[PDB]
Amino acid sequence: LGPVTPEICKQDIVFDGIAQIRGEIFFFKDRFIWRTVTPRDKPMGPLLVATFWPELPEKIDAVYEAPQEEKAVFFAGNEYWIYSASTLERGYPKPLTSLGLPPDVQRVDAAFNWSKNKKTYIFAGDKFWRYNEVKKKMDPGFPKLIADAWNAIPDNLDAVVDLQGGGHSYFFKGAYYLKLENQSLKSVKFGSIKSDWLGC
């Protein structure tokens, strides 16, 4: 007798964060992860996030992999953790203020590094920030409003990821994802997370 764990396809799971880390896609839900190497193939899981990142709290809010450093950055509450493989770095968790976020944002929604410009975007409610990974600082003139800067992208995102050299960013909210053409921000298509990411 084991405890009940979430069942993809049989339940409507809205993930906390999604990230491609070291060529693998991770879907995070509470203490668990499912992973796959290519999107429409049914992911292995649930594994426990603790067998890879033991220091992470029981729920993350957003995850991305900083491309250059190939470090995984996880947000949970008003802290973030940066790892190289399963090794937590020097002095993490740090408050979100060490990333350049204002002390008023107490949690973020979704985060990704966008291959279109290799800048990191951090989404929180109706706003986002663009973080410079080489200068290790936020770019000026942020936060901007998602409604003002993105095309057909909803506020309160769940997760965002840009896979590989695929040239699409994927915004996940509720049961659907929006697929953005990185070369044509005008062209946004929608699809179903269960059918297209979880291979249900």
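The numbering used is simple: start at 1 and walk along the sequence shown.
Taking the mean C-alpha B-factor of each stretch as recorded, 45-53 and 152-160 are not equal, and the higher mean is that of 45-53. Of the two segments examined, 69-77 and 101-109, it is 69-77 that shows the higher average Cα temperature factor in the deposited entry.
Per-chain ranking of the deposited C-alpha B factor places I33 in the middle third. When the modelled residues of the chain are ordered by C-alpha B-factor, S115 sits in the middle third. Compared with the other modelled residues of the chain, the Cα B-factor recorded for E181 ranks in the middle third.
Annotation for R130: C-alpha temperature factor in the lowest third relative to the rest of the modelled chain, per the entry. For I13, the recorded CA B-factor ranks within the middle third of the chain. Only modelled residues enter the ranking.
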